[PDB]
Structures are given as C-alpha cells and as structure tokens.
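In order, the protein sequences belong to chains A and B. Numbering follows my numbering, in which position 126 of the first sequence is assigned residue number 720; successive positions increment by one, without gaps. Numbering follows my numbering, in which position 35 of the second sequence is assigned residue number 312; successive positions increment by one, without gaps. Presented below is the structure to which this report refers.
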Amino acid sequence: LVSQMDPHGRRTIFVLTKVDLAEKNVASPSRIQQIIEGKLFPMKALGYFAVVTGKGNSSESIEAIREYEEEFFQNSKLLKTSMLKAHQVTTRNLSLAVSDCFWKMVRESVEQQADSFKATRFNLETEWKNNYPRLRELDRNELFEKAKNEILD
Amino acid sequence: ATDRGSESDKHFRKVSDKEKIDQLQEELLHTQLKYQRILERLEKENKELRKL
C-alpha cells in the first residue's frame with residue numbers, strides 16, 4: 595500500500611517495530627533487507643528506521659520501551675549486519691526526522707494552499723452569489739420554519 | 278457593467294494579478310533567492326583590477 599500511495603518515496607519514512615522481539619525472532623535478511631533497501635517492494639523512503647514497541651505487554655511505559663530500544667540497537671542484528679542506518683534507529687531519531695521533514699513540507703505546501711484557500715473562498719463566493727444573489731447562506735431548517743409560518747397563515 | 282470595455286479591462290487586471298502570484302512565479306522567487314547567493318560572492322572580489 596505504501597508503494598501504491600508513494601511510488602517514489604517522495605515523503606515516505608519506513609520503520610520496523612518489535613525490534614526487541616526481533617532479536618530472538620529477527621525477520622530473515624532475504625525478505626526484510628530487500629524491504630529496507632526498497633528492492634522487494636517499489637517503496638522508496640527518506641530513510642529506513644526502526645523502533646521497539648515492547649515485548650507484547652500492553653501496560654509498558656514510554657521510558658521502559660525506549661530503554662529496551664537502546665539495548666536492542668546497541669546489541670542486535672538490525673545494525674551489526676548493516677540493514678538499517680545507525681542515525682535512523684531509536685525513538686528520538688525517527689521523531690526528529692519526521693518533525694523536520696513534516697515542518698519543511700508544511701512551510702512549502704501550506705503557504706501555496708493557503709493562497710489557494712483564499713482563492714477557494716472567493717471561488718465559493720463566485721458560484722454562491724450567482725446561485726442566490728438575493729439571499730445569502732440560507733439553511734433548510736430556517737426554510738422549514740418559514741414554511742411552517744406561511745402554511746399556518 | 279455587463280458588456281462594458283472598462284469592466285472587461287478591470288476583470289483582466291484582476292485575473293492577471295492572480296497569475297502574477299501563481300505558484301510558478303512564487304517558486305521562481307524562492308529559487309531565485311537562493312540563486313542570488315549560489316554562484317555568487319565572487320563578484321565583489323572580481324571588481325579588483327590588481328590581477329588585470
């Protein structure tokens with residue numbers, strides 16, 4: 595689905611999860627590394643990341659999970675065999691990459707679309723005034739009340 | 278106002294102003310701002326005639 599929605603990885607960030615579980619249950623290189631390298635799937639990315647989500651327990655705290663993340667990425671296969679990039683693992687690196695890419699994309703796209711939304715409100719004015727020059731922003735409930743008064747009259 | 282030449286001119290002016298602030302022009306300005314610095318700052322050194 596990611597490859598369908600972003601064939602070129604223009605704003606795609608990839609993350610693996612359950613890395614601490616993956617230490618004893620690592621996804622085999624022959625399928626996971628081809629995903630990290632964008633070869634098994636057309637999905638390209640701004641970077642291939644990984645974070646730990648716990649050991650399957652639902653009550654785990656934020657700090658615990660982050661600690662387990664640090665232990666895993668210090669000791670485990672995701673880095674020692676060079677699938678994922680060291681600067682692209684752990685919660686903080688993923689969060690910072692997402693924030694930076696997000697807010698740059700925001701500064702570039704929101705100004706254009708905000709000028710376009712000024713245009714959008716004038717565009718709604720264009721059609722609306724032609725449709726109802728005499729009456730503006732009329733609602734069906736208001737119309738019902740008016741009809742009720744007229745009918746009782 | 279309908280079928281009036283001056284009104285048509287004013288409408289054209291508005292339409293052309295919106296095109297003047299089009300995303301093509303806006304991206305041109307944004308890229309031009311970096312280009313004014315890229316391959317630049319050589320000029321101030323160039324003005325010296327000592328090499329000449």
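Note that beta-carbon positions come from the ideal geometry of N, C-alpha and C, so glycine has one too.
Is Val646(A) closer than 7 Å to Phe666(A) when the C-beta atoms are compared? For the purposes of this step, residue 666(A) is taken as residue 72 along the first sequence, with counting starting at 1. For the purposes of this step, residue 646(A) is taken as residue 52 along the first sequence, with counting starting at 1. The answer is yes: Cβ separation under 7 Å.
Where do the N-terminal and C-terminal ends of the alpha helix (DSSP H) with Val700(A) fall, by residue? Walking along the first sequence from the start, residue 700(A) turns up at place 106. Start and end: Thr685 to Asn725.
Can at least three beta-carbon pairs, one atom from the segment 321-329 of chain B and one from the segment 730-737 of chain A, be found at a separation below 8 Å? With the cut-off at 8 Å, the segment 321-329 of chain B and the segment 730-737 of chain A do not touch.
Does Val292(B) come out as helix, strand or coil in the three-state DSSP assignment? Along the second sequence, one-based indexing puts residue 292(B) at 15. Helix.
Taking the DSSP output, what are the residues bridged to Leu610(A)? Start at 1 with the first residue of the first sequence, and residue 610(A) comes out as number 16. According to DSSP, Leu610(A) bridges with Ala644(A).
At 9 Å on the CB atoms, spell out the chain A contacts of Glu303(B), in chain order. By one-based count along the second sequence, residue 303(B) stands at place 26. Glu705, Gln706 and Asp709, listed in chain order.
Close-in-space but distant-in-sequence residues of the same chain around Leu610(A) (CB under 6 Å, 5 per side omitted): The residue you call residue 610(A) lines up with position 16 of the first sequence. Answer for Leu610(A): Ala644, listed in chain order.
Partner residues on chain C for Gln300(B), Cβ-Cβ distance less than 7 Å: The chain inventory of the structure shown lacks chain C, comprising the protein chains A and B.
Roughly how many angstroms lie between the CA atoms of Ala741(A) and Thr714(A), to the nearest whole one? Walking along the first sequence from the start, residue 741(A) turns up at place 147. Walking along the first sequence from the start, residue 714(A) turns up at place 120. Distance between the alpha carbons of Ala741(A) and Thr714(A) is about 33 Å.
On the three-pair Cβ rule with 8 Å, is the segment 657-672 of chain A touching the segment 692-709 of chain A? no
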